[PDB]
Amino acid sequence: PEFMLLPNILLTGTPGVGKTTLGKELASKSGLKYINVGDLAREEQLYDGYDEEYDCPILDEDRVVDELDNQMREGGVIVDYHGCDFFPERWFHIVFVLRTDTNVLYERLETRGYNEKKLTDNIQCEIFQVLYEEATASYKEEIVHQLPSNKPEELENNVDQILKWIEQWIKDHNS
C-alpha cells in the first residue's frame, strides 16, 4: 500500500448494531486499519470523569482526537464508535450509520447482560435514530449512508458494497 492515497471510513450507530463485526471484516479484506474507539480509549486510558446515571467512565474526546489525528491524516483507517459529533469533519471520506430493527437489537443487547436501565437507554437511542441524526448534523448529507444490519446476508452485502466503494475511491484518488 506504499504511496497509495487511502480513504478513511466511519462506522457509527447504536451499540449492538454490528459496527465491530463489519469493521473487522472490512480491515481483513482491504488491509485498511481498523480502530475501535472504545478499545483505544481503554488501551491508552483516555478517560476523564465518571457518569453517575449510566455507570461508566467518560470518554476524553479531545485526547481521543489527539491520539488518532496523525494516523487519520495518513489515511486508510476504519473508525468504529457510537458517537461522531466530536471527530474533525475532515477525517472521513464516507460515513456509514448501521441500523438494526429494534426487536433484533434488543435481543443482541439483552444477551450482553445489560441491565434494564442500560437496555432502555440503548434501545431508545436506536428508536429515536440518535446516531443517524448526529451523523447527518456532523457530516455532509451526500457522504452519510444508512446500512441495514439485521441479518448475516446484510453483513455480507455491507462488506461487498464498502469494499467496492474503497476500490473506486482508490482509483479516483490515485490517477
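In this text, residue numbers run from 1 along the sequence as written. Under this definition, the rigid core comprises the largest set of C-alpha atoms superposing within 1.5 Å between the forms.
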Which of 140-148 and 48-56 lies farther from this form in 4 other deposited structures of this protein, as RMS of C-alpha positions after a rigid core fit: 48-56
Stretch with the greater mean C-alpha B-factor as recorded in the entry, comparing 107-115 against 146-154: 107-115
Stretch exceeding the other in mean C-alpha B-factor - 8-16, 21-29: 21-29
Residue with highest C-alpha B-factor in the PDB entry, from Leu131, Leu46, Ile127, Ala137: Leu46
Cα B factor band for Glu74 (lowest, middle or highest third within the chain): highest
